Amino acid sequence: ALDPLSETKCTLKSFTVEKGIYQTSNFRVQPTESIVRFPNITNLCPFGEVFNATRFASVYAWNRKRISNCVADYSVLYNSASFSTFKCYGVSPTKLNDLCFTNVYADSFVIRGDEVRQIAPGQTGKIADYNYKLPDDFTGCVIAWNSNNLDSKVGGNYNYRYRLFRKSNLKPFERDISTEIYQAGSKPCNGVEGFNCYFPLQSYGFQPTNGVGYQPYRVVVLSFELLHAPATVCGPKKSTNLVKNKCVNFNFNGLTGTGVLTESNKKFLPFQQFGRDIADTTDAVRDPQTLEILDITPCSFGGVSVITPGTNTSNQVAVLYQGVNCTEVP
Amino acid sequence: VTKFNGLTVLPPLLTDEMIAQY
Amino acid sequence: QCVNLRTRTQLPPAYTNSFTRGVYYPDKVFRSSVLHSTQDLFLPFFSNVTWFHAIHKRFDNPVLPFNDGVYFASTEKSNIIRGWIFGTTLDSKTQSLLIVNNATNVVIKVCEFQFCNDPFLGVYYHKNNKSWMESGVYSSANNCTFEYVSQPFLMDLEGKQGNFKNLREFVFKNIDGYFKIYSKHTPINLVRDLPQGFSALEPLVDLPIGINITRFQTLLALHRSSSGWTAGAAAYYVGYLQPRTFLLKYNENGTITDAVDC
């Protein structure tokens with residue numbers, strides 16, 4: 001790796017080189033930058049309807065919003081810095097920003113502050129056993145919010161209730177609004193208060209002077225579904241600027257290559273993205289942001305030849321870069 | 001009388017001008 | 001909504017011939033002065049298509065299978081045929097497709113619609129503010145996922161005369177859970193049922209539905225003033241795709257010029 005004369009000796013495996021021309025290695029211009037191009041991030045998804053909502057409901061009358069065919073922006077949700085608890089299992093939300101799933105569900109309810117442990121699979125008690133439960137394979141990420149100045153009212157917010165009892169253990173993701181009566185013994189209730197029959201519905205005592213276990217806490221569950229249908233919702237991505245006349249790396253939506261980008265005199269149809277040659281090689285690509293086609297030309301490469309006389313006479317050599325322009329050698 | 005993946009074409013030693021002189 | 005129509009007559013399946021039409025762009029790759037071959041679902045050359053014809057007391061709307069793909073050519077002037085519907089058993093037990101247009105947009109809704117026995121697109125409210133607007137093939141819709149809003153179109157409804165000077169070709173294919181729609185509008189001087197020439201089809205609609213399709217149905221426009229509805233004429237052809245092998249010639253601009261069956 002010191003002399004082109006000595007590089008010839010490492011290929012011929014000898015200490016004496018006679019007169020002639022020899023090929024030693026190859027020349028290749030290394031890429032400098034990496035161009036990442038992608039289409040726009042339009043057709044945004046209405047995430048403010050469940051996160052920045054004004055209206056809400058109880059723990060048993062929770063609504064359901066369908067999220068599909070949109071872009072899932074989770075960057076502002078992870079760095080929100082305006083919410084109480086953000087804990088979830090296994091999959092961290094900092095790498096979920098560049099993934100794609102099938103369906104996304106988001107709920108809306110307000111629970112007590114001391115009942116925050118009940119929204120978990122395998123938990124028993126008041127809310128998980130009588131109102132609403134989650135299955136064991138829940139891989140989503142929950143999110144809560146304190147609403148001491150939003151949903152609180154003086155005197156008491158008796159417009160919303162929460163169940164204290166139920167007949168048996170409910171199936172996960174159940175939307176039960178009805179008002180069945182709990183029976184304990186062999187005495188039937190017959191829809192009226194009697195022996196061994198307790199009223200499950202208990203009204204809320206939401207007050208601005210309430211404790212930590214009696215304050216309204218807006219908690220939203222968020223679940224992720226992987227189905228055999230093809231994925232429709234995805235995360236966002238960021239592109240860079242466009243560099244011309246340089247052998248760089250290509251990162252398009254469905255193409256990856258290496259070469260330079262110059263102006264093309266061709267005409268493309270609006271029902272096609274890129275073009276190809278007769279030997280299945282790409283030569284022209286369209287920018288997904290602005291409607292302009294760019295030619296794909298590979299940067300220069302070629303073999304290296306060493307012209308030298310015999311070593312018994314002198315030691316001066318000549319280096320010939322075959323097919324390479326010497327504006328690009330230094 | 002009528003590339004990309006590491007293919008190159010080397011030019012001959014004698015051009016068409018020097019063949020016509022012979 | 002269970003009784004049949006007053007103008008529901010059946011027709012025996014007469015046949016005709018399709019000379020050269022039924023080719024499209026197989027991919028989104030630009031080519032220039034090449035001769036490329038491909039192996040996809042195409043229409044065979046010099047084959048037959050089921051020629052149907054309705055008048056303004058015959059409601060020619062049969063139920064046909066959708067095993068591989070059906071080529072359409074809805075050549076009409078007063079635009080009686082509105083759109084098409086697909087399904088498996090034509091009930092609410094499974095999901096079904098619905099494509100209709102109402103002179104300001106094309107409407108694509110896939111839900112568990114409860115159709116009639118013989119469904120039809122009913123038009124009412126002919127008192128004021130007409131503008132040839134659409135004003136029911138379904139009764140209910142619940143537990144569904146996808147809905148689409150595409151680029152609008154233009155319409156007219158008044159009666160024309162003479163020969164046919166317009167072509168409206170369509171072909172559908174259900175592979176990889178997707179739905180592809182190809183179309184082409186060309187003027188003609190037609191003294192037959194199908195013209196002669198060569199024109200390519202361009203992709204417009206792409207939906208990632210993921211449904212199975214076995215049968216289909218065709219929707220027409222019917223006025224009145226589930227039986228008392230005045231029907232119109234129809235002229236459409238039904239073909240079938242087969243896994244053939246085709247050649248494709250490109251020009252210097254990038255358009256298909258000729259094709260050769262193998």
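Method of structure determination, per the deposited record: cryo-EM was used for this entry, reaching 3.1 Å resolution.

Caption draft 1: Main features of the overall build of chain C. Summing up its helical and strand segments, chain C has 0 helices and 20 strands in all. Relative to its length of 262 residues, chain C is compact, with a C-alpha radius of gyration of 19 Å against a globular reference of 18 Å. In terms of its C-alpha atoms, chain C occupies a principal-axis envelope of roughly 55 × 45 × 35 Å. Expressed as a percentage of its 262 residues, the buried residues of chain C come to 46%.

Caption draft 2: Local environment of empty space enclosed by the protein. Residues and elements named next belong to chain A. What the largest cavity holds in volume is close to 130 Å³. Around the largest cavity, the lining residues are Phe51, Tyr74, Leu77, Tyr78, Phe86, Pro93, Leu96, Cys141, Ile143, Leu222 and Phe224. For the lining of the largest cavity, the class distribution of residues is 11 nonpolar, no polar and no charged. In this structure, the second largest cavity is lined by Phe47, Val50, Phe51, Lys65, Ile67, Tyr74, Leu77, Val104, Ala106 and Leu222. The set of elements that each furnish at least two residues to the lining of the second largest cavity consists of α2 (48–51), β3 (65–67) and β5 (103–106).

Caption draft 3: Structural view of the interface of chain A and chain C. In this complex, chain A contributes 12 residues to the contact, which on the side of chain C involves 14 residues. The contact between chain A and chain C buries some 1,300 Å² in all, and 62% of this surface belongs to carbon and sulfur atoms. It is A:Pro230, A:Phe271 and A:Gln272 in chain A that bury the most area against chain C; as a group they hold 37% of the surface buried on that side. For the pair chain A and chain C, the number of links is 0 salt bridges. For the pair chain A and chain C, the interface holds 3 residue pairs in polar contact. Top contributing element to the side of chain A that touches chain C by residue count: strand β17 (residues 274–276) of chain A, with 3 residues. Each residue belonging to the side of chain A that touches chain C can be placed in one class, and the counts come to 5 nonpolar, 4 polar and 3 charged.

Caption draft 4: View of the sheet that holds β5(A). All names here are of chain A. Here 3 strands make up an open sheet; going across it, the order is β3-β5-β13 and the pairing antiparallel. Each edge of the open sheet carries a strand with a single partner, namely β3 and β13 (222–225). Taking the axes of each pair of neighbouring strands and ignoring which way they run, one obtains an average angle of 25 degrees across the sheet. As paired strands, β5 and β13 are joined by 4 bridges and run antiparallel to one another. Considered in β13, the bridge of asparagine 103 is made with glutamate 225.

Caption draft 5: Just the sheet that holds strand β17 (residues 234–238) of chain C, in detail. Residues and elements named next belong to chain C. Read across the open sheet, the 3 strands follow the order β1-β5-β17; overall the sheet is antiparallel. The outermost strands of the open sheet, each flanked by one partner alone, are β1 (15–18) and β17. Here the strands of the sheet are splayed against their neighbours by 40 degrees on average, with no regard to which way each runs. Direction of pairing for β1 relative to strand β5 (residues 47–54): antiparallel, over a ladder of 4 bridges. The residue of β5 that forms the bridge with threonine 16 is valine 49.

Caption draft 6: Summary view of the UniProt feature "disulfide bond" in chain C. Residue and element names in this part refer to chain C. Per UniProt, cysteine 2 and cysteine 116 form a disulfide, but the coordinates do not bear that out, putting the sulfurs 9.2 Å apart. Following the sequence through the fold, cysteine 2 ends up in the segment before β1. Locating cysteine 116 in the fold gives a position in the loop between β10 (106–109) and β11 (121–122). The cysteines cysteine 111 and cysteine 144 carry a UniProt disulfide annotation, and their SG atoms are 2.0 Å apart, under the 2.5 Å mark, so the bond is there. Residue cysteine 111 is classed as buried on the basis of its relative accessible area of 8%.

Each value, and the rule that gives it
- Every chain here is numbered from 1 following its written sequence, a scheme that can differ from the numbering in the entry; residues without coordinates are not drawn.
- To read the labels, note that chains go from A and ligands from 1, taken in the order they are written.
- Shown here is a subset of chains from a larger assembly, with all values computed for this subset only.
- Think of the side-chain values as coming from all heavy atoms in the structure, minus any hydrogens and water.
- Numbering of helices and strands runs from the N terminus, with a helix taken as a DSSP run of H or I at least four residues long and a strand as a DSSP run of E at least two residues long.
- The globule rule used here is 2.2 Å times the number of residues to the 0.38 power, and the radius of gyration it is set against is calculated over C-alpha atoms.
- Working definition: with a 1.4 Å probe on protein chains only, accessible area under 20% of the residue-type maximum means buried, over 50% means exposed, and in between means partly exposed.
- Points on a 1 Å grid over protein atoms alone make up a cavity when a 1.4 Å probe fits among them but cannot get out, and a pocket when they form an open set with protein on both sides within 12 Å along at least five of seven lines; lining residues each have an atom within 4 Å of a point.
- Grid points are joined across faces, edges and corners, and a volume is the space filled by probe spheres set on the points.
- Here the term charged refers only to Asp, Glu, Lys and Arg, the term nonpolar to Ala, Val, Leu, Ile, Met, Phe, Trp, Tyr, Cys and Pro, and the term polar to all other amino acids, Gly among them.
- What makes two residues a contact is simply this: any of their non-hydrogen atoms within 4.5 Å.
- Computed with a 1.4 Å rolling probe, the buried area is the accessible surface lost when two parts are put together, summed over both parts.
- Each salt bridge in this description consists of a side-chain nitrogen of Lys or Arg and a carboxyl oxygen of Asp or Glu lying within 4 Å of one another.
- N or O atoms within 3.5 Å of each other form a polar contact, as long as, within protein, one can give a hydrogen and the other can take it, and as long as residues adjacent in sequence are counted only when both atoms are side-chain atoms.
- Strands qualify as paired when DSSP identifies two bridges or more between them.
- Every angle, taken between N-to-C directions, lies between 0 and 180 degrees, and every axis is a line fitted to C-alpha atoms, over only the stretch in contact when it is a helix.
- A pair of sulfur atoms, both from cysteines and within 2.5 Å, is called a disulfide here.
- UniProt positions are given in the numbering used here, feature names are shortened, and annotations may be inferred rather than shown by experiment.

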